[PDB]
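S.K.: following this: a sequence and the matching experimental structure.
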Amino acid sequence: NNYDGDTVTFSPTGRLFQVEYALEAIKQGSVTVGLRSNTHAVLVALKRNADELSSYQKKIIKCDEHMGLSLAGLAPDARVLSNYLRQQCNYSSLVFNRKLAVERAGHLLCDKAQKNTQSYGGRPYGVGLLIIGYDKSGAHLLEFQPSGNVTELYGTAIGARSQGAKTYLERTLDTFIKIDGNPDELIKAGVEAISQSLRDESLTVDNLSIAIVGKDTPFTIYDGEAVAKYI
Amino acid sequence: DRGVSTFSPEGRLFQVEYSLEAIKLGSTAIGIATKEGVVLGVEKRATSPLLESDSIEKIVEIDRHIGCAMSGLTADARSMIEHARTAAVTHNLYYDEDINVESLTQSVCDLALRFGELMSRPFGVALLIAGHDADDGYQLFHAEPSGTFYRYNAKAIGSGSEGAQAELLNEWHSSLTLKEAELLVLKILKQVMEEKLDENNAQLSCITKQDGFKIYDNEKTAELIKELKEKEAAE
Amino acid sequence: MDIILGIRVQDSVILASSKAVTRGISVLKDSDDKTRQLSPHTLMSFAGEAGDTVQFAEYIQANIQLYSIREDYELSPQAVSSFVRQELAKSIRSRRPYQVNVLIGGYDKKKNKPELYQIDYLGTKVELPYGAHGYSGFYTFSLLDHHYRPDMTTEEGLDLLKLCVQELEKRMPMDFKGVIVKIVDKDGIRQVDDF
Amino acid sequence: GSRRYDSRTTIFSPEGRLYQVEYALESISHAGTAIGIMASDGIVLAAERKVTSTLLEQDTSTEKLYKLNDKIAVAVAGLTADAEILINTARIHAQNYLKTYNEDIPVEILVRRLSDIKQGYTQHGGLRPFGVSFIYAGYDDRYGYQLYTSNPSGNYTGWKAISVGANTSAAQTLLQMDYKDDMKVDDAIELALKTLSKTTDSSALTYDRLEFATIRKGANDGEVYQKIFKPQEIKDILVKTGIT
Amino acid sequence: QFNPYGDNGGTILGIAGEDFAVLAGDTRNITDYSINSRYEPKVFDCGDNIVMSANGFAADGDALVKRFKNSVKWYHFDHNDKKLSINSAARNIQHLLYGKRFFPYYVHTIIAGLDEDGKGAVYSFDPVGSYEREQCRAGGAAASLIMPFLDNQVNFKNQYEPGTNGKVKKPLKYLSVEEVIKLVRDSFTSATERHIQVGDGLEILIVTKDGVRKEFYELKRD
Amino acid sequence: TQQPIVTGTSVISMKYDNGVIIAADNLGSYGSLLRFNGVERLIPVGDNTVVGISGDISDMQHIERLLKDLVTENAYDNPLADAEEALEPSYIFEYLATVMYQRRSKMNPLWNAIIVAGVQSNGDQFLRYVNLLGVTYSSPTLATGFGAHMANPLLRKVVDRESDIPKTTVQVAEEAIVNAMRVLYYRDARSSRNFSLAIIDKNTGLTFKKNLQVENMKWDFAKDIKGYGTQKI
Amino acid sequence: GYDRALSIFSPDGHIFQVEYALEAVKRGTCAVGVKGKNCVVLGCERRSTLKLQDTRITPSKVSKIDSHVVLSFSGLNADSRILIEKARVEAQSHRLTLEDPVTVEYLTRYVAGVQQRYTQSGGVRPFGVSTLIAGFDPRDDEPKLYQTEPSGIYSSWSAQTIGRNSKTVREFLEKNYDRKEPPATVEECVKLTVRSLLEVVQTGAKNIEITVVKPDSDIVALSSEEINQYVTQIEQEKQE
Amino acid sequence: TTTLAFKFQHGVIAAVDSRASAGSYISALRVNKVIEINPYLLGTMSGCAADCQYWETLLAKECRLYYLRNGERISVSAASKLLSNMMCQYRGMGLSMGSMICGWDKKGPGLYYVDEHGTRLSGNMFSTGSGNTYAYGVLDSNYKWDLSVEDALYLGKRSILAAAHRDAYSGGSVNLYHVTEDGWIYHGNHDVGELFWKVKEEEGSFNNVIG
Ligand SMILES: *[C@@]([C])([C][O])[C@](*)(=O)[C]([C]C1=[C][C]=[C][C]=[C]1)[N]C(=O)[C]([C]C1=[C][N]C2=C1[C]=[C][C]=[C]2)[N]C(=O)[C]([C])[N]C(=O)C1=C([C])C2=C([C]1)[C]=[C][C]=[C]2
Ligand SMILES: [Mg+2]
């Protein structure tokens, strides 16, 4: 109200409204689902178009051979944050000959977003990210919020109508975690999960975007006729 | 007052949303992509008859294989064009090749959100970036001041945009020729323009693999306008 | 470059400047004009290290032309020479000094007098009836000391200048490929095409 | 953050005026009147000190008339402290020019420089403008005797006779009436004092409430002399012209 | 006084075929009269069917290769996984080298691959970035020993057709990969005999449309 | 640009079937003066890596602190700091190699020659060299300074190529290293009798041996040597 | 430094500071530009509220940027000096780096770029100035006349006017100026320029300034008497 | 190197050799010492190869941007000045670059000599490199404005040959260009070994050499 003019101002109840408004931009964004087993980790994203003449906005971005994310909210902010991850993954490789741990990647994102929530002049990031990766401690899935909060999960979903997919994953928890050494079945579970967030529209060939990473599988994105198999 | 980079309660940047309103007041620009080329056309909209209309430059060359049309506060586009031309030629310096249309667009869109309290405000102009490369063929992009860019088969921006976009919805198909696209841009421009369309108050251009980016002469466009009138009177 | 001469007579200033330009052991050009017009009634000849000479001259030219447009007025030869001196004095204590020696020949329209200023690369300015840079003065100043009068005509100034060039051509080891001669008077700057 | 407290000194009104410049001019209108009159053989500068005291040391005091160099002087109307900042800058510019070209600075060039500094404070920096209006009296060998004025907007103009400060509307009308082109310095001195005597808000115009100066070619042969009048000399010229 | 440069010896060799290319180099690493390693890889697969070697001062060579590999990674990120052509890589490497024009990478660099028409390509650089496409190039310590042999046996220089006596040249018939590998192995065996910094091992990287293949051969260890 | 003041001499090392061995004497020389006799130049990092350093001691102590700080930093927000995400020999080396090459590129080098010996997560032996120029190389045997000239020839008789590594036991490898250290004591004027030796094995882990001495020395033949040519008495 | 964003978008998509800068131009004295077949003329209003002015030394309304290009303006006088200076510096900078004088189009594009920069830079306000830039390109006999404004947009004009009551004089020019046949001579071009100002000026005495620019750096300013003769001839024809 | 370039009735001829050296060692038999900046602009190269390639390739970037901004090709005079200005920034830093900027623009054919000192000279004939003295000998005694395209091309070719023969650091092959108002025209790569013997027989020159 009077305390939402900038990010440097707490409300009387200890709330940061600019951060909450940035969180609102994520809810307006298209749905994206993340889930993992012990061997693989999968991203599934519903892409959004402007109209029938327009292309479908890309949702998934590769950060390294072993790491990448899906976005929901302001796409340019995801480009900045993913670029930062690309640099950090790369700094780890060039200096330490070491693949960046997914947990450490989350810590770096948290700290980057935080600086924008405590200083005058700037603004919070207006995007949520789902980071997947395979490192020395196996498969991982992270959820990033622009408040700074990063959370490691078995599965999750962000964007509009994401609650439906999140409930499905909460039921299926015991099943999809056990899908080891079977990429296609893990993707099926992700496609079935994101389907719980659909209304009116259904999953078409240029609508669906899928990404996977695993034990002997580099981070690869599947679009177009490559995902027709899963429709 | 209030921050320039402030979020609204709905999760939108006030200034970006306000710049979009400025773009709605601008003159109409249309782009249509085909397998034979991409056509770019604009409404000039001279404020007075004494204004020499040929000096109105709302279609611009970025590289031999990339063209650009603008709508909104057109003065803001000059620095964007300068950056685009520099990026395009710099990539040719570093890699001895043409730059991808998407990559060029992405370079332009990176400037968009570099504002705060860097420039003091977002750009008040939208761009239609059309071009060709060997990887993805003929392409048309719509670059906004939000930093977002969508690829389009056909797109209209400016004051008559939603009316033109609805018309482009029905008319566009994947087997359009270049000649058919040219007439289609002229047709829709004539529909949304206040004044009567002619070769002096409307301009055409295209990008083909063979000849590259070309702005059309007033004599060449005049014939296409005459060809349009006759085919509309044919039924 | 090599030789630049100057002489102030009754009603004009005459500047003579060699035409040669040498790279390595080869004379690349024998028609080079080592001069720039700073204003309609002010001419500057130059000589020094390769590249620096033209860059400095053009930089001075630009500054005087900027002054002329801003004030709609031509600076006096004295004012221009003082501006040039300060730039060279500023330059000598720079990281990389501009190694350029100049003569400034100008006709002051206010006083109705010709004026010749000699300035070396250190910023050493002197007003003279006749001047030179480098070794040129070693050969020519004895002739000028003998023959020079202040009431000389332009034609007598050119004849005394021809004698100076002949002496240079006789006793200098280097071939400087003759000189381009220019005259600065009340009517402006003109080149003597036959010398 | 800090934005909350920013007055925004460098913005246009809806009518296309600069708020702070307009308000600075309002300040200046309450300052003691200064008058400049240009004649064929010299320039007069006359100015009124503001409500003085008997205990003010006048002979060592200077609030109105300042020397920029040997050829150029100024009369001040507004904040004296602001004026001294600008005066010292102008004094430096004149010396920079003299060092560079070995010639005294032309009057207009000095005036343009000071006016450009004032302009900058209205377009950028977010600072308040200088609440000062100058009358420049000077001489050079291009245009001869010259009068100029500058104000907080940074706009300057040339004049034959001009006033700044209080009651300029009334003062300008009186000058416009009695001024003639073939006028001489001794006549201009009289006009300046007579104008002040009629426009002044004080009961009577006396020597202790005035600062006076002339720029004359009345120096031995082709050269220019600046004369800042002393208290006794202002008293004598007041008797001579028949005001006291 | 500190000398930032050193000399790690070695020699490299690139040959372009009709539809293939080879880049070879010995595996010996040295300082002065001592051997650091008998097997220290010097030729690298940089991705996108490109192989590269920067020979001279190893520290500078490793830095350059590391940076170029990094340039390839970022080319993919920035330009939608587009394949970096051999001509585009060459120009990129020019700028890497000239960026240190006043404190040079002390290496002679060579890259090999296939051009956009599928033909074999070799590019050769100097330490400050000057480059060009070539058919044949030896670089490093024994470069002066090997290059004339290649002028003779690859481009048939000073070779004429018998009977004509110097009137008709030997025609420039193309070489197979089997024939090229022979000339490479004989080039290094010869260089190993007469150059003290050459020896221990030979590693060859062959580039075809099918990918990058490696072949290793022993050399004299004295 | 500097000059080295207090210096340590050779560091020597080799691979064997199940791991790596590294050794270096305990001397800190001040030119020809044998100034400091209790200097440790092998520095363990965790339980899988030993960094051996020769050259300028002040720069060695600086590097020692960088490694100590590296271990601290790795543990931050790292629940697997003593397991999967522990520091590997390859990580430690690449870090040092990056630092060395950066410092030489600023014309202000760490005046050292460094050998990183260790065993990786997968059991693989790690042995790589780096120095003040940023030059790096790997070999079945590695040695710095005088060790390169005198130790390597002896160690290469045991492991001449890669295929000799599985055939070499820890007893044979340690024996060769200890003999090499004796030879260096005979012939290097900036060496000491006292040295340290470290073994990193994939089965038995890190064994760090301090206060070792060169023994079984041959000097008796000196008594017979008289004069420099013609002298008999 | 002072970084405050003064020029910003409003909800309806307007930048008020740029629009209020146009209001400052509306207040300024009228300036007019007319290009003939072989010349361009720049007319300027002088408000007669200021008498006792020294016209010798008072800043003239038309300013030479180079020997072949001129610039007149309407709006804040102090602001115009900053643009003029920058323009003059760029003109010499172009001659120095490219060895050709600026084209009129290039100079316009630069001045317009400066104005634009001051609409999206922090801590600065827009120039309250619109300019008319006229001249002839080097070795070209085609007349050039351009207009700029605070927003930074520019365009070429057959004839144009700016400043107070510019709406009226533009109305006059739109009906009087024929494109198919422009003022063939200097006289016809000046006459049309004076006529256009006489719709607005008041008295035709010292209130009208005229500057004629011809090809090959031939620029001259008309005197009071020369202009007064045009004023006399126009009204004598009007009495009919 | 040896390079040359001269103006004549029918445009400008540009001729260069193709050798590259590293001490006494001939490091390259066939390097391209001419750059095709645009269809109407050429640049010759002499000095440090890297410097020549980097700065003239950068000149082409800057000349292309000129066309995009102005919608017109850059003049030879302006192009030469941009290059000479690049040299003045790295003034004294140790660059080594000697070049001729050849082309055709609105003033007709143009030719400018530019070197690392920031020197910029206009003229009808130039020759740079270790063998420029040999080339100048032939050029000066045979040059005319009234040369035919065929005779001019041969003069440039023969002049390089003269230098390739005597200068130890010049040779390999000759690259010819002819600049017209429709653009430059490449006139091939000519091996000096073969050209020498051919010229010897047909011309009767090089009598002292045995063949
Ligand atoms: C003469 C042929 C040499 O005297 C001419 O000046 C050439 C010009 C030239 C221009 C472009 C490309 C190649 C050559 N110059 C050289 O050959 C220079 C001469 C030179 C050596 N050191 C030096 C020189 C000049 C000035 C200062 C110092 N040669 C080089 O620059 C050397 C370093 N070039 C190479 O070694 C190159 C190699 C190897 C190589 C090149 C150049 C190009 C392509 C592949 C390989
Ligand atoms: Mg050998």
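M.R.: Everything's here; your move. Residues are numbered from 1 along each chain as shown, chains lettered A, B, ... in the order given. Ligands and ions are numbered 1, 2, ... in the order given.

S.K.: do you know how far the residue in chain A positioned nearest to ligand 2 is from residue F:95?
M.R.: Residue of chain A nearest ligand 2, by Cβ to the ion: residue A:97 (31.9 Å). C-beta here means a position set from N, CA and C on the backbone, and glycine is covered the same way. According to Cβ to Cβ, to the nearest Å, residue A:97 and residue F:95 sit 9 Å apart.

S.K.: more neighbours: which of these two?
M.R.: Taking other Cβ atoms under 10 Å in any protein chain shown, residue A:97 and residue F:95 do not tie; residue F:95 has more neighbours (19 against 16).

S.K.: what strand or helix carries that one?
M.R.: Assigned by DSSP states H and E, residue F:95 falls within helix F:89-105.

S.K.: which secondary structure elements does that helix sit against?
M.R.: Packing contacts for helix F:89-105, counted by 3 or more Cβ pairs under 8 Å, 6 or more residues apart in numbering or on different chains; DSSP states H and E, involve helix A:75-96, helix E:58-78, strand F:49-56, helix F:57-75, strand F:112-119, strand F:125-131.

S.K.: just how off-centre is it within its chain?
M.R.: 16 Å (Cα atoms, centre = their mean, to the nearest Å).

S.K.: next, count neighbours for the residue in chain D that chain B sits nearest to.
M.R.: Per Cβ to the nearest Cβ, residue D:3 is where chain D lies closest to chain B, at 6.4 Å. Neighbour count of residue D:3, defined by other Cβ under 10 Å: 17.

S.K.: and residue G:36, how many neighbours?
M.R.: For residue G:36, the count of nearby residues is 22 (other Cβ under 10 Å).

S.K.: that one and residue C:81: what is the separation?
M.R.: Distance, residue G:36 to residue C:81, by Cβ to Cβ: 43 Å.

S.K.: may I have the beta-bridge partners of residue H:21?
M.R.: residue H:26 (DSSP bridges).

S.K.: surely it and residue H:171 touch.
M.R.: No - at 9.9 Å, residue H:21 and residue H:171 do not qualify as touching, with contact defined as Cβ atoms under 8 Å.

S.K.: more neighbours: these two, which one.
M.R.: Between residue H:21 and residue H:171, counting by other Cβ under 10 Å, residue H:171 is the more crowded of the two (25 against 16).

S.K.: pull the contacting residues for that one.
M.R.: By Cβ atoms under 8 Å, 6 or more residues apart in numbering or on different chains, the contact set of residue H:171 is H:17, H:18, H:19, H:26, H:164, H:192.

S.K.: so the second one sits in a helix?
M.R.: When you say that, I think you mean residue H:18. No - with DSSP: H, G, I helix; E, B strand; the rest coil as the criterion, residue H:18 is assigned coil and is not in a helix.

S.K.: so who does it touch?
M.R.: H:28, H:29, H:30, H:31, H:32, H:33, H:171, H:172, H:173, H:174, H:175, H:189.

S.K.: measure it to residue H:163 for me?
M.R.: 12 Å.

S.K.: backbone dihedrals for residue E:191, please?
M.R.: Main-chain dihedrals, residue E:191, degrees, to the nearest 10: phi -70, psi -40.

S.K.: residues near the closest residue to it other than its chain neighbours, how many?
M.R.: Spatial nearest neighbour of residue E:191, chain neighbours left out: residue E:142 (3.9 Å); criterion: Cβ to Cβ, 6 or more residues apart in numbering or on different chains. The local packing of residue E:142 (other Cβ under 10 Å) involves 26 other residues.

S.K.: correct me if wrong: residue E:142 contacts residue E:198.
M.R.: Yes - Residue E:142 lies in contact with residue E:198 (Cβ under 8 Å); the separation is 5.1 Å.

S.K.: joint contacts of those two?
M.R.: Common neighbours of residue E:142 and residue E:198 (Cβ under 8 Å, 6+ apart) are E:11, E:191.

S.K.: work out for me the element residue E:202 sits within.
M.R.: strand E:201-208.

S.K.: could I get the buried residue list for the very next helix or strand once past that strand?
M.R.: Next in sequence after strand E:201-208, counting helices and strands by DSSP H and E, comes strand E:211-218. For strand E:211-218, the neighbour count (16 or more other Cβ atoms under 10 Å in any protein chain shown) marks E:212, E:217 as buried.

S.K.: contacts only, for the residue nearest to residue E:191.
M.R.: When contacts are counted by Cβ under 8 Å, 6+ apart, residue E:142 is found next to E:11, E:191, E:194, E:195, E:197, E:198.

S.K.: neighbours around the closest residue to the third one other than its chain neighbours, how many?
M.R.: Nearest-residue entry for residue E:194: residue E:145, 6.3 Å, with adjacent residues in sequence omitted and distances by Cβ to Cβ, 6+ apart. Neighbours of residue E:145 under the rule other Cβ under 10 Å: 17.

S.K.: repeat that for residue E:35.
M.R.: Number of residues near residue E:35 (other Cβ under 10 Å) recorded here: 21.

S.K.: so what sits against both of residue H:18 and residue H:163?
M.R.: With Cβ under 8 Å, 6+ apart as the test, residue H:18 and residue H:163 reach no residue in common.

S.K.: narrow the contacts of residue H:18 to those that are buried.
M.R.: H:28, H:29, H:31, H:33, H:171, H:172, H:173, H:174, H:175.

S.K.: narrow these to those in strands?
M.R.: Among these, the residues falling in strands (DSSP state E) are H:28, H:173, H:174, H:175.

S.K.: quick one: the residue of chain E found nearest chain A from residue B:94, how far?
M.R.: Among the residues of chain E, residue E:77 lies closest to chain A, at 6.3 Å counting by Cβ to the nearest Cβ. As judged by Cβ to Cβ, residue E:77 and residue B:94 stand 15 Å apart.

S.K.: just send the contacts of residue E:142 back as a markdown table, with neighbour count and secondary structure too.
M.R.: Output for those, formatted as a markdown table (neighbours: other Cβ atoms under 10 Å in any protein chain shown; DSSP: H, G, I helix; E, B strand; the rest coil):
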| residue | neighbour count | secondary structure |
| --- | --- | --- |
| E:11 | 28 | strand |
| E:191 | 25 | helix |
| E:194 | 9 | helix |
| E:195 | 20 | coil |
| E:197 | 20 | coil |
| E:198 | 27 | coil |
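
S.K.: just the closest of those residues to chain F, please.
M.R.: Using Cβ to the nearest Cβ, residue E:197 comes nearest to chain F of the contacts of residue E:142, at 14.2 Å.

S.K.: the nearest residue to the closest one once chain neighbours are set aside: neighbouring residues, count only.
M.R.: The shortest distance from residue E:197 to any residue other than its chain neighbours is 3.4 Å, reached at residue E:9 (Cβ to Cβ, 6+ apart). Residues lying near residue E:9 (other Cβ under 10 Å) number 23.

S.K.: likewise for residue B:210?
M.R.: Neighbourhood size, residue B:210 [other Cβ under 10 Å]: 6.

S.K.: sec struct for it, please.
M.R.: coil.

S.K.: ditto for residue E:22
M.R.: Applying three-state DSSP: residue E:22 is strand.

S.K.: run through the bridge partners of it.
M.R.: Beta-bridge pairing of residue E:22 under DSSP bridges involves residue E:15, residue E:206.

S.K.: is it true that it touches residue E:14?
M.R.: Yes - under the criterion of Cβ under 8 Å, residue E:22 makes contact with residue E:14 at 6.8 Å.

S.K.: the two: which is more packed in?
M.R.: A side-by-side neighbour count of residue E:22 and residue E:14, using other Cβ under 10 Å, places residue E:14 first with 30 against 25.

S.K.: three-state assignment of the residue lying closest to that one once chain neighbours are set aside?
M.R.: For residue E:14, ignoring the flanking residues on the chain, the nearest one in space by Cβ to Cβ, 6+ apart is residue E:122 at 4.2 Å. Here residue E:122 is strand, with the state taken from three-state DSSP.
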